[PDB]
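Source file: my_file_20.cif. Holds: mmCIF, C-alpha atoms.
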```cif
data_coords
loop_
_atom_site.label_atom_id
_atom_site.label_comp_id
_atom_site.auth_asym_id
_atom_site.auth_seq_id
_atom_site.Cartn_x
_atom_site.Cartn_y
_atom_site.Cartn_z
CA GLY A 1 -26.27 -4.11 -11.75
CA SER A 2 -29.40 -2.39 -13.02
CA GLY A 3 -32.86 -3.23 -14.29
CA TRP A 4 -33.63 -6.46 -12.48
CA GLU A 5 -32.31 -7.81 -9.20
CA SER A 6 -29.81 -10.46 -10.23
CA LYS A 7 -28.47 -10.99 -6.70
CA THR A 8 -29.38 -14.65 -7.11
CA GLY A 9 -26.53 -14.86 -9.62
CA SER A 10 -28.81 -16.79 -11.94
CA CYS A 11 -28.32 -14.35 -14.81
CA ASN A 12 -25.01 -13.53 -16.49
CA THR A 13 -26.12 -10.32 -18.21
CA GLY A 14 -28.70 -8.91 -15.84
CA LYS A 15 -31.46 -8.97 -18.45
CA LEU A 16 -34.28 -10.81 -16.72
CA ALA A 17 -37.48 -11.18 -18.70
CA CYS A 18 -40.72 -13.12 -18.50
CA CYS A 19 -40.40 -15.24 -21.62
CA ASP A 20 -42.33 -18.10 -23.16
CA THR A 21 -40.15 -21.05 -24.04
CA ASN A 22 -43.01 -22.49 -26.10
CA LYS A 23 -43.57 -19.28 -28.01
CA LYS A 24 -40.86 -18.00 -30.26
CA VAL A 25 -40.14 -15.22 -32.74
CA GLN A 26 -38.84 -15.33 -36.32
CA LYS A 27 -36.93 -12.08 -35.85
CA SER A 28 -33.76 -12.33 -33.79
CA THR A 29 -31.04 -9.71 -33.54
CA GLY A 30 -30.55 -8.17 -30.12
CA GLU A 31 -28.50 -5.10 -30.92
CA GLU A 32 -28.40 -3.59 -27.42
CA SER A 33 -25.52 -5.50 -25.89
CA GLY A 34 -25.01 -7.50 -29.05
CA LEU A 35 -24.46 -4.49 -31.34
CA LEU A 36 -22.28 -6.78 -33.40
CA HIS A 37 -23.72 -10.25 -32.85
CA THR A 38 -23.89 -11.60 -36.39
CA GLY A 39 -20.19 -12.44 -36.53
CA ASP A 40 -20.20 -14.22 -33.20
CA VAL A 41 -23.49 -16.05 -32.81
CA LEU A 42 -26.12 -17.07 -35.32
CA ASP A 43 -27.73 -19.75 -33.17
CA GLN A 44 -29.33 -17.07 -30.98
CA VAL A 45 -32.71 -18.18 -29.73
CA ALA A 46 -35.51 -15.67 -29.89
CA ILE A 47 -38.43 -16.60 -27.71
CA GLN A 48 -41.55 -14.49 -27.35
CA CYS A 49 -41.35 -12.49 -24.17
CA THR A 50 -43.67 -10.21 -22.23
CA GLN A 51 -43.17 -8.20 -19.06
CA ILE A 52 -46.25 -7.39 -16.99
CA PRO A 53 -46.01 -3.79 -15.57
CA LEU A 54 -42.98 -4.15 -13.33
CA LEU A 55 -42.44 -2.62 -9.92
CA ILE A 56 -38.96 -1.25 -9.22
CA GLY A 57 -36.74 -3.45 -7.10
CA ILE A 58 -39.13 -6.35 -7.60
CA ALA A 59 -38.26 -9.89 -8.66
CA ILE A 60 -39.04 -10.94 -12.25
CA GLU A 61 -40.24 -14.38 -11.16
CA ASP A 62 -42.69 -12.97 -8.61
CA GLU A 63 -43.80 -9.96 -10.66
CA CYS A 64 -45.19 -12.08 -13.46
CA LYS A 65 -46.88 -15.47 -13.83
CA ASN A 66 -44.58 -16.58 -16.64
CA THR A 67 -41.13 -18.11 -16.94
CA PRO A 68 -38.24 -15.99 -15.68
CA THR A 69 -35.41 -16.00 -18.18
CA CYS A 70 -31.94 -14.48 -18.49
CA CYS A 71 -31.62 -13.00 -21.98
CA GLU A 72 -28.22 -12.29 -23.44
CA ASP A 73 -29.99 -9.46 -25.25
CA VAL A 74 -33.60 -8.42 -25.84
CA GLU A 75 -35.28 -6.93 -28.90
CA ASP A 76 -38.14 -4.39 -29.00
CA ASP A 77 -39.48 -3.26 -25.63
CA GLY A 78 -38.47 -6.70 -24.42
CA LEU A 79 -40.74 -8.83 -26.59
CA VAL A 80 -37.93 -10.87 -28.10
CA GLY A 81 -35.35 -12.33 -25.77
CA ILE A 82 -32.07 -13.40 -27.32
CA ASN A 83 -30.64 -16.57 -25.82
CA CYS A 84 -32.89 -16.34 -22.79
CA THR A 85 -32.18 -19.26 -20.51
CA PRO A 86 -34.81 -20.04 -17.83
CA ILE A 87 -33.10 -19.03 -14.62
CA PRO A 88 -33.34 -21.36 -11.58
CA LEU A 89 -35.44 -20.50 -8.54
CA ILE A 90 -32.50 -21.26 -6.29
#
```

Have the structure of the file written as structure tokens, please.
Amino acid sequence: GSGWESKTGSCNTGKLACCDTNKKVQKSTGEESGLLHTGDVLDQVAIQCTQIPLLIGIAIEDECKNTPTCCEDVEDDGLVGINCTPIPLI
């Protein structure tokens, strides 16, 4: 449990990002947790993501005015979220 508060249980990896589900990226690897991803998943969805200067301990959905997602992995400084599913507000 580090990075973002996932106490809601909405995320399975703990990688919460503010992603656009309308904007997407042509590059899609995610080699942080998914060091070897190519032999497991090729359907990985890479949506364009952006995290407005975060405060520590703060909630992703309140920190930014975008969609809070749970990425299985994220590329770059968090610009490309791999398999980021929009986490519920519940």

(message) Could you list, as a count of residues only, every residue matched by the PyMOL selection byres ((chain A and resi 6-10) around 12) in this structure?
(response) 28

(request) Just give me the gap between atom CA of residue A:18 and atom CA of residue A:52 in Å, one decimal is fine. (result) 8.1 Å

(request) Report the residues retrieved by the PyMOL selection byres ((chain A and resi 34) around 12) from the displayed file, expressed as a ChimeraX atom specification. (result) /A:13,28-33,35-42,44,71-75,81-83

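A straight line drawn from atom CA of residue A:54 to atom CA of residue A:27 is 24.6 Å long.
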
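Separating atom CA of residue A:20 from atom CA of residue A:76 is a distance of 15.5 Å.
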
Extending 5 Å beyond the listed atoms of stretch 17-34 of chain A on each side, what axis-aligned box results? I want centre and edge lengths in Å to one decimal, as lines of an AutoDock Vina configuration file.
```
center_x = -34.3
center_y = -13.0
center_z = -27.4
size_x = 28.6
size_y = 28.9
size_z = 27.8
```

(message) Starting from the PyMOL selection byres ((chain A and resi 47) around 7), expand the selection into actual residues of this file and give them as a PyMOL selection string.
(response) chain A and resi 19-21+23-25+45-46+48-49+80-81

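Using all atoms listed in the file, the smallest distance between any of A:43, A:53, A:67, A:62 and residue A:22 comes from A:67.
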